[PDB]
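A short worksheet on the structure shown next.
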Amino acid sequence: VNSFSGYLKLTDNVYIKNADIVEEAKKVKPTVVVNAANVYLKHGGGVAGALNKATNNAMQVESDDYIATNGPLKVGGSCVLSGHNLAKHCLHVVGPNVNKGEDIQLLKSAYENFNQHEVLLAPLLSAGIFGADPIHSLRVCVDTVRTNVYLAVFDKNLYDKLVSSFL
Ligand SMILES: C[C@@]1(C(=O)O)CCN(C(=O)Cc2c[nH]c3nccc(Cl)c23)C1
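Per the entry's author numbering, the sequence shown starts with residue 3, numbered consecutively.
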C-alpha cells in the first residue's frame, strides 16, 4: 500500500491521473519524482521548469554543479539528484526531443531508467514541449517499465484522450 490517490489503473504496474506533477509531488512526497530533463539539466520550461520553480531554483543550482563535475547526460540517460522539497530523490531522465531531431527509438532507453526504482511519480517522457506523441509515449512506458509508475498528466483533455485510446 502506498499514498498515491485518484489514479486510474492501466496495467499491473502503470497508473495515470490528471494532475500537476508539482502539486502531486508536494502532497505525496514520493521517494522518486521523475523530471523531463535535457542533457544539460537546464530546467527552463515544461515539467522541468515547473519542478525547478517549485524548488526556488535549488534544483538548478544542484544541477549546474552536477554538470560542471560530470558533463552532459546522454539522450536516453538519467541521473539521480535530490528531490529538494518535492520528493526524496529526483530522477532526471532525458527523453528524445523531437523538436531537436532526436531519434524516437531512444524513448525506450529513457523509460528503462525507471526500472532502477521500485515506485516513481513521473510525467510522460518526450511529451509536451519535447514534441513526441503522448499516446506513443504511454505505449512505450507500459511496454518498458516493470516497476510501479504513477503518471501525472497536466492537461485534462490529453488525459481523457490517453485513457480513451489506451489498448
Ligand atoms: C504536456 C505534459 C503534460 O500535460 O503532462 C506532457 C509533457 N509535459 C512537459 O512539461 C514536457 C517538458 C519538459 N520540458 C519542457 N519545457 C517546456 C515545455 C514543455 Cl511541455 C516541457 C507536460
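Quick reminder that beta carbons are idealized off the backbone N, C-alpha and C, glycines included.
### Query
Measuring CB to CB, does residue 119 end up less than 7 Å from residue 34?
yes
### Query
If we ignore side chains and look at the alpha-carbon of each, how far apart do residue 94 and residue 105 end up?
19 Å
### Task
Would you identify the three-state DSSP class for residue 163, choosing helix, strand or coil?
helix
### Message
Taking the straight line between their C-alpha atoms, what separation do you get for residue 3 and residue 28?
### Response
19 Å
### Query
Considering only residues of the region 92-135, which uninterrupted beta strand (DSSP E) runs meet the minimum length of 3 residues and lie entirely inside it, listed in chain order?
121-124
### Task
Kindly indicate which residue of 160, 36 and 21 has the alpha-carbon position closest to the one of residue 134.
160
### Task
For residue 38, verify whether its CB is less than 6 Å away from any heavy atom of ligand 3.
Absence of ligand 3 from the depicted structure is noted, with ligand 1 being the only ligands included.
### Task
Compare the C-alpha of residue 49 against each of 72, 127 and 81 and name the closest.
127
### Close Cβ partners of residue 5 (< 7 Å) along its chain, the five nearest in sequence each way excluded
30
#### Entry: Assigned exposure category for residue 96 - 16 Cβ within 10 Å defines buried
buried
#### Entry: Bridge partner(s) assigned by DSSP for residue 1
The chain is shown from 3 up to 169; residue 1 falls before or after that span and cannot be answered.
### Task
Please work out which residues of its chain come closer than 6 Å, Cβ to Cβ, to residue 16, disregarding the five sequence neighbours upstream and downstream, and give them in chain order.
144 and 151
### Query
To the nearest angstrom, how far is it from the Cα of residue 174 to the Cα of residue 123?
The chain is shown only over 3 to 169; residue 174 falls outside these bounds and no answer can be derived.
#### Entry: Three-state class that DSSP yields for residue 9 in the structure shown
coil
### Message
With a threshold of 6 Å (Cβ to nearest heavy atom), would residue 130 be considered close to ligand 1?
### Response
yes
### Query
Are there three or more Cβ pairs, one per stretch, closer than 8 Å when the region 51-67 is compared with the region 97-117?
no
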